[PDB]
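**Q** This structure is in structure tokens; I'll ask about it shortly.
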Amino acid sequence: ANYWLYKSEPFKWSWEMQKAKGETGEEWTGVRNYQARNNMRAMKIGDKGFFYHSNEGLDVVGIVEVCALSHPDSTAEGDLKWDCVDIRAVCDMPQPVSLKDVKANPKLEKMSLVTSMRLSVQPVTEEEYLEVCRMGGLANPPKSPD
């Protein structure tokens, strides 16, 4: 199963706004990075991931799931190389996990969140996902499809 992480600046799109969208979800527009785009193209319906507040907050505040496979980005004015998935809230992270705590955990040293400086949509290994979830108060967290 594949797990992911989505960076979102709370000033622009916060976790609260994400939850407010409910089951309708939110189109993940604005990605203009090939690797991030390709990560979205690798996602399947139901894949779980972290909603991380970037720029401000700097913490994992919730878990989301993919509710729409990669499709043309409605903000890319009918372009061809920019596409994205739609994601929706699954549950809050009981105790939001700070970037500081992540960087202090040896088991998370290879996590994209701490190694990549420009990737807005990233992969998360199953072990990294389970560890961050535990740190955040989630023993048996939501799982991605096999």
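Residue numbers start at 1 in each chain; chains themselves are named A, B, ... in the order of the structure tokens; ligands are numbered from 1 in the order shown.
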Taking only stretch 20-123 of chain A into account, list the residues labelled helix (DSSP H, G or I) by DSSP (computed from the backbone), as a ChimeraX atom specification.

**A** /A:20-24,34-41,99-104,106-108,112-115

**Q** Could you go through chain A and tell me which residues DSSP, when run on the backbone, assigns to strand (DSSP E or B), listing them as a PDB file with N, CA, C and O atoms, in the first residue's frame?

**A**
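The resulting result_14.pdb:
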```pdb
ATOM      1  N   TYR A   3       1.462   5.381   0.721  1.00  0.00           N
ATOM      2  CA  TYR A   3       1.090   6.492   1.593  1.00  0.00           C
ATOM      3  C   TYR A   3       1.754   7.766   1.094  1.00  0.00           C
ATOM      4  O   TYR A   3       2.808   7.715   0.460  1.00  0.00           O
ATOM      5  N   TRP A   4       1.140   8.906   1.395  1.00  0.00           N
ATOM      6  CA  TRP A   4       1.627  10.179   0.889  1.00  0.00           C
ATOM      7  C   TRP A   4       1.559  11.323   1.890  1.00  0.00           C
ATOM      8  O   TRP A   4       1.052  11.166   3.001  1.00  0.00           O
ATOM      9  N   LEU A   5       2.088  12.474   1.485  1.00  0.00           N
ATOM     10  CA  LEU A   5       2.039  13.682   2.303  1.00  0.00           C
ATOM     11  C   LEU A   5       1.801  14.872   1.379  1.00  0.00           C
ATOM     12  O   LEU A   5       2.415  14.980   0.317  1.00  0.00           O
ATOM     13  N   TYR A   6       0.887  15.746   1.791  1.00  0.00           N
ATOM     14  CA  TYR A   6       0.528  16.934   1.026  1.00  0.00           C
ATOM     15  C   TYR A   6       0.811  18.172   1.859  1.00  0.00           C
ATOM     16  O   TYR A   6       0.302  18.304   2.975  1.00  0.00           O
ATOM     17  N   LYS A   7       1.634  19.069   1.332  1.00  0.00           N
ATOM     18  CA  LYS A   7       1.933  20.309   2.033  1.00  0.00           C
ATOM     19  C   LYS A   7       0.873  21.343   1.656  1.00  0.00           C
ATOM     20  O   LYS A   7       0.501  21.470   0.485  1.00  0.00           O
ATOM     21  N   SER A   8       0.385  22.080   2.645  1.00  0.00           N
ATOM     22  CA  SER A   8      -0.618  23.109   2.399  1.00  0.00           C
ATOM     23  C   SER A   8      -0.353  24.261   3.365  1.00  0.00           C
ATOM     24  O   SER A   8      -0.200  24.044   4.565  1.00  0.00           O
ATOM     25  N   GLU A  26     -11.461  18.183  -2.187  1.00  0.00           N
ATOM     26  CA  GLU A  26     -10.868  19.383  -2.751  1.00  0.00           C
ATOM     27  C   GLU A  26      -9.886  19.022  -3.859  1.00  0.00           C
ATOM     28  O   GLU A  26      -9.025  18.163  -3.679  1.00  0.00           O
ATOM     29  N   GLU A  27     -10.023  19.678  -5.006  1.00  0.00           N
ATOM     30  CA  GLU A  27      -9.123  19.449  -6.127  1.00  0.00           C
ATOM     31  C   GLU A  27      -7.773  20.010  -5.695  1.00  0.00           C
ATOM     32  O   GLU A  27      -7.688  21.155  -5.244  1.00  0.00           O
ATOM     33  N   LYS A  48      -4.138   6.833   1.518  1.00  0.00           N
ATOM     34  CA  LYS A  48      -4.120   7.734   2.658  1.00  0.00           C
ATOM     35  C   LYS A  48      -2.846   8.562   2.692  1.00  0.00           C
ATOM     36  O   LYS A  48      -1.803   8.154   2.176  1.00  0.00           O
ATOM     37  N   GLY A  49      -2.941   9.738   3.297  1.00  0.00           N
ATOM     38  CA  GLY A  49      -1.787  10.605   3.385  1.00  0.00           C
ATOM     39  C   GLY A  49      -1.921  11.642   4.479  1.00  0.00           C
ATOM     40  O   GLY A  49      -2.983  11.800   5.098  1.00  0.00           O
ATOM     41  N   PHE A  50      -0.826  12.351   4.718  1.00  0.00           N
ATOM     42  CA  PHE A  50      -0.793  13.385   5.742  1.00  0.00           C
ATOM     43  C   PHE A  50      -1.069  14.758   5.171  1.00  0.00           C
ATOM     44  O   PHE A  50      -0.632  15.086   4.067  1.00  0.00           O
ATOM     45  N   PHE A  51      -1.823  15.549   5.924  1.00  0.00           N
ATOM     46  CA  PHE A  51      -2.106  16.925   5.548  1.00  0.00           C
ATOM     47  C   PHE A  51      -1.138  17.668   6.475  1.00  0.00           C
ATOM     48  O   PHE A  51      -1.269  17.620   7.703  1.00  0.00           O
ATOM     49  N   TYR A  52      -0.155  18.326   5.871  1.00  0.00           N
ATOM     50  CA  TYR A  52       0.891  19.032   6.596  1.00  0.00           C
ATOM     51  C   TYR A  52       0.848  20.523   6.350  1.00  0.00           C
ATOM     52  O   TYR A  52       0.844  20.964   5.199  1.00  0.00           O
ATOM     53  N   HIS A  53       0.798  21.298   7.429  1.00  0.00           N
ATOM     54  CA  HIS A  53       0.784  22.748   7.302  1.00  0.00           C
ATOM     55  C   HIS A  53       2.208  23.236   7.069  1.00  0.00           C
ATOM     56  O   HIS A  53       3.084  23.076   7.922  1.00  0.00           O
ATOM     57  N   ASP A  59       3.422  21.344  10.918  1.00  0.00           N
ATOM     58  CA  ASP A  59       3.044  20.109  11.579  1.00  0.00           C
ATOM     59  C   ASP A  59       2.015  19.301  10.804  1.00  0.00           C
ATOM     60  O   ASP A  59       1.285  19.827   9.958  1.00  0.00           O
ATOM     61  N   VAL A  60       1.997  18.002  11.082  1.00  0.00           N
ATOM     62  CA  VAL A  60       1.045  17.088  10.465  1.00  0.00           C
ATOM     63  C   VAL A  60      -0.211  17.212  11.318  1.00  0.00           C
ATOM     64  O   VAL A  60      -0.214  16.828  12.491  1.00  0.00           O
ATOM     65  N   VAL A  61      -1.279  17.735  10.724  1.00  0.00           N
ATOM     66  CA  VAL A  61      -2.515  17.971  11.454  1.00  0.00           C
ATOM     67  C   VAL A  61      -3.679  17.051  11.140  1.00  0.00           C
ATOM     68  O   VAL A  61      -4.671  17.048  11.863  1.00  0.00           O
ATOM     69  N   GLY A  62      -3.574  16.271  10.074  1.00  0.00           N
ATOM     70  CA  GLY A  62      -4.668  15.383   9.741  1.00  0.00           C
ATOM     71  C   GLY A  62      -4.321  14.350   8.698  1.00  0.00           C
ATOM     72  O   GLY A  62      -3.230  14.360   8.124  1.00  0.00           O
ATOM     73  N   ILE A  63      -5.258  13.439   8.477  1.00  0.00           N
ATOM     74  CA  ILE A  63      -5.102  12.393   7.483  1.00  0.00           C
ATOM     75  C   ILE A  63      -6.180  12.589   6.422  1.00  0.00           C
ATOM     76  O   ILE A  63      -7.337  12.891   6.736  1.00  0.00           O
ATOM     77  N   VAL A  64      -5.779  12.436   5.165  1.00  0.00           N
ATOM     78  CA  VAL A  64      -6.688  12.575   4.041  1.00  0.00           C
ATOM     79  C   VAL A  64      -6.640  11.321   3.186  1.00  0.00           C
ATOM     80  O   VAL A  64      -5.828  10.426   3.409  1.00  0.00           O
ATOM     81  N   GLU A  65      -7.536  11.267   2.210  1.00  0.00           N
ATOM     82  CA  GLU A  65      -7.582  10.157   1.275  1.00  0.00           C
ATOM     83  C   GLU A  65      -7.880  10.706  -0.111  1.00  0.00           C
ATOM     84  O   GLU A  65      -8.511  11.754  -0.262  1.00  0.00           O
ATOM     85  N   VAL A  66      -7.408   9.992  -1.122  1.00  0.00           N
ATOM     86  CA  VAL A  66      -7.630  10.389  -2.499  1.00  0.00           C
ATOM     87  C   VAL A  66      -9.063  10.021  -2.882  1.00  0.00           C
ATOM     88  O   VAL A  66      -9.482   8.880  -2.679  1.00  0.00           O
ATOM     89  N   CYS A  67      -9.819  10.979  -3.410  1.00  0.00           N
ATOM     90  CA  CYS A  67     -11.193  10.691  -3.810  1.00  0.00           C
ATOM     91  C   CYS A  67     -11.440  10.883  -5.307  1.00  0.00           C
ATOM     92  O   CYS A  67     -12.563  10.718  -5.791  1.00  0.00           O
ATOM     93  N   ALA A  68     -10.386  11.236  -6.035  1.00  0.00           N
ATOM     94  CA  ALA A  68     -10.452  11.395  -7.485  1.00  0.00           C
ATOM     95  C   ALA A  68      -9.052  11.199  -8.045  1.00  0.00           C
ATOM     96  O   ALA A  68      -8.087  11.790  -7.554  1.00  0.00           O
ATOM     97  N   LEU A  69      -8.944  10.347  -9.059  1.00  0.00           N
ATOM     98  CA  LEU A  69      -7.667  10.066  -9.700  1.00  0.00           C
ATOM     99  C   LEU A  69      -7.187  11.277 -10.489  1.00  0.00           C
ATOM    100  O   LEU A  69      -7.967  12.175 -10.796  1.00  0.00           O
ATOM    101  N   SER A  70      -5.901  11.292 -10.821  1.00  0.00           N
ATOM    102  CA  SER A  70      -5.312  12.393 -11.572  1.00  0.00           C
ATOM    103  C   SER A  70      -6.132  12.800 -12.783  1.00  0.00           C
ATOM    104  O   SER A  70      -6.497  11.962 -13.608  1.00  0.00           O
ATOM    105  N   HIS A  71      -6.399  14.097 -12.889  1.00  0.00           N
ATOM    106  CA  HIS A  71      -7.159  14.645 -14.002  1.00  0.00           C
ATOM    107  C   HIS A  71      -6.621  16.052 -14.262  1.00  0.00           C
ATOM    108  O   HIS A  71      -5.941  16.625 -13.410  1.00  0.00           O
ATOM    109  N   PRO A  72      -6.914  16.626 -15.439  1.00  0.00           N
ATOM    110  CA  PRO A  72      -6.417  17.973 -15.724  1.00  0.00           C
ATOM    111  C   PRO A  72      -6.713  18.967 -14.600  1.00  0.00           C
ATOM    112  O   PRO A  72      -7.816  19.004 -14.061  1.00  0.00           O
ATOM    113  N   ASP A  83      -1.740  18.082 -14.073  1.00  0.00           N
ATOM    114  CA  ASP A  83      -2.916  17.363 -13.607  1.00  0.00           C
ATOM    115  C   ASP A  83      -2.790  17.102 -12.104  1.00  0.00           C
ATOM    116  O   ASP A  83      -1.713  17.259 -11.527  1.00  0.00           O
ATOM    117  N   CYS A  84      -3.893  16.718 -11.474  1.00  0.00           N
ATOM    118  CA  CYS A  84      -3.894  16.492 -10.036  1.00  0.00           C
ATOM    119  C   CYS A  84      -5.047  15.615  -9.567  1.00  0.00           C
ATOM    120  O   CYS A  84      -6.003  15.352 -10.311  1.00  0.00           O
ATOM    121  N   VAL A  85      -4.939  15.153  -8.324  1.00  0.00           N
ATOM    122  CA  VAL A  85      -5.990  14.354  -7.715  1.00  0.00           C
ATOM    123  C   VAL A  85      -6.860  15.292  -6.883  1.00  0.00           C
ATOM    124  O   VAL A  85      -6.614  16.499  -6.808  1.00  0.00           O
ATOM    125  N   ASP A  86      -7.901  14.717  -6.293  1.00  0.00           N
ATOM    126  CA  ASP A  86      -8.788  15.429  -5.382  1.00  0.00           C
ATOM    127  C   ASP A  86      -8.588  14.653  -4.084  1.00  0.00           C
ATOM    128  O   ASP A  86      -8.449  13.429  -4.125  1.00  0.00           O
ATOM    129  N   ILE A  87      -8.564  15.341  -2.947  1.00  0.00           N
ATOM    130  CA  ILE A  87      -8.413  14.662  -1.663  1.00  0.00           C
ATOM    131  C   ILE A  87      -9.498  15.122  -0.699  1.00  0.00           C
ATOM    132  O   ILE A  87     -10.081  16.192  -0.872  1.00  0.00           O
ATOM    133  N   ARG A  88      -9.771  14.305   0.313  1.00  0.00           N
ATOM    134  CA  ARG A  88     -10.771  14.652   1.316  1.00  0.00           C
ATOM    135  C   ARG A  88     -10.312  14.211   2.697  1.00  0.00           C
ATOM    136  O   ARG A  88      -9.509  13.291   2.836  1.00  0.00           O
ATOM    137  N   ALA A  89     -10.828  14.873   3.720  1.00  0.00           N
ATOM    138  CA  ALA A  89     -10.457  14.557   5.087  1.00  0.00           C
ATOM    139  C   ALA A  89     -10.943  13.183   5.528  1.00  0.00           C
ATOM    140  O   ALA A  89     -12.015  12.725   5.125  1.00  0.00           O
ATOM    141  N   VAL A  90     -10.128  12.522   6.343  1.00  0.00           N
ATOM    142  CA  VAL A  90     -10.476  11.221   6.893  1.00  0.00           C
ATOM    143  C   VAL A  90     -10.634  11.417   8.402  1.00  0.00           C
ATOM    144  O   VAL A  90     -11.662  11.062   8.979  1.00  0.00           O
ATOM    145  N   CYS A  91      -9.619  11.993   9.038  1.00  0.00           N
ATOM    146  CA  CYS A  91      -9.669  12.245  10.474  1.00  0.00           C
ATOM    147  C   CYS A  91      -8.551  13.189  10.897  1.00  0.00           C
ATOM    148  O   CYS A  91      -7.565  13.360  10.182  1.00  0.00           O
ATOM    149  N   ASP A  92      -8.712  13.812  12.057  1.00  0.00           N
ATOM    150  CA  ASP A  92      -7.691  14.715  12.561  1.00  0.00           C
ATOM    151  C   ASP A  92      -6.578  13.874  13.155  1.00  0.00           C
ATOM    152  O   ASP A  92      -6.760  12.687  13.432  1.00  0.00           O
ATOM    153  N   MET A  93      -5.411  14.479  13.316  1.00  0.00           N
ATOM    154  CA  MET A  93      -4.311  13.790  13.963  1.00  0.00           C
ATOM    155  C   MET A  93      -4.551  14.236  15.404  1.00  0.00           C
ATOM    156  O   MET A  93      -4.465  15.424  15.703  1.00  0.00           O
ATOM    157  N   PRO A  94      -4.891  13.297  16.306  1.00  0.00           N
ATOM    158  CA  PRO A  94      -5.152  13.612  17.717  1.00  0.00           C
ATOM    159  C   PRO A  94      -4.196  14.646  18.304  1.00  0.00           C
ATOM    160  O   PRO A  94      -4.626  15.650  18.876  1.00  0.00           O
ATOM    161  N   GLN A  95      -2.900  14.386  18.175  1.00  0.00           N
ATOM    162  CA  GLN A  95      -1.877  15.304  18.655  1.00  0.00           C
ATOM    163  C   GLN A  95      -0.987  15.626  17.461  1.00  0.00           C
ATOM    164  O   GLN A  95      -0.075  14.867  17.132  1.00  0.00           O
ATOM    165  N   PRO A  96      -1.256  16.751  16.781  1.00  0.00           N
ATOM    166  CA  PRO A  96      -0.471  17.162  15.614  1.00  0.00           C
ATOM    167  C   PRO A  96       1.030  16.978  15.834  1.00  0.00           C
ATOM    168  O   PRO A  96       1.566  17.359  16.874  1.00  0.00           O
ATOM    169  N   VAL A  97       1.695  16.393  14.844  1.00  0.00           N
ATOM    170  CA  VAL A  97       3.125  16.108  14.920  1.00  0.00           C
ATOM    171  C   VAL A  97       3.973  17.204  14.281  1.00  0.00           C
ATOM    172  O   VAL A  97       3.907  17.433  13.073  1.00  0.00           O
ATOM    173  N   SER A  98       4.780  17.869  15.100  1.00  0.00           N
ATOM    174  CA  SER A  98       5.627  18.954  14.618  1.00  0.00           C
ATOM    175  C   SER A  98       6.811  18.464  13.796  1.00  0.00           C
ATOM    176  O   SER A  98       7.297  17.346  13.975  1.00  0.00           O
ATOM    177  N   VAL A 121       4.165  17.439  -2.718  1.00  0.00           N
ATOM    178  CA  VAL A 121       3.391  16.199  -2.623  1.00  0.00           C
ATOM    179  C   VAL A 121       4.467  15.125  -2.599  1.00  0.00           C
ATOM    180  O   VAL A 121       5.231  14.966  -3.560  1.00  0.00           O
ATOM    181  N   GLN A 122       4.515  14.385  -1.496  1.00  0.00           N
ATOM    182  CA  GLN A 122       5.577  13.412  -1.283  1.00  0.00           C
ATOM    183  C   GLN A 122       5.175  11.999  -0.908  1.00  0.00           C
ATOM    184  O   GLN A 122       4.066  11.748  -0.440  1.00  0.00           O
ATOM    185  N   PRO A 123       6.090  11.045  -1.122  1.00  0.00           N
ATOM    186  CA  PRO A 123       5.781   9.666  -0.753  1.00  0.00           C
ATOM    187  C   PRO A 123       6.105   9.559   0.743  1.00  0.00           C
ATOM    188  O   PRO A 123       6.869  10.362   1.292  1.00  0.00           O
ATOM    189  N   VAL A 124       5.499   8.574   1.389  1.00  0.00           N
ATOM    190  CA  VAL A 124       5.718   8.303   2.803  1.00  0.00           C
ATOM    191  C   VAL A 124       5.754   6.785   2.878  1.00  0.00           C
ATOM    192  O   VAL A 124       4.830   6.130   2.403  1.00  0.00           O
TER     193      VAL A 124
END
```

**Q** What does the distance between atom CA of residue A:34 and atom CA of residue A:81 come to in Å, to one decimal place?

**A** 8.5 Å

**Q** One decimal, Å: what's the distance from atom CA of residue A:115 over to atom CA of residue A:103, could you say?

**A**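 The value is 9.8 Å.
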
**Q** For residue A:77, which residue among A:18, A:24, A:29, A:2 is the nearest when counting only C-alpha atoms?

**A**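 Selected residue with least distance to residue A:77: A:29.
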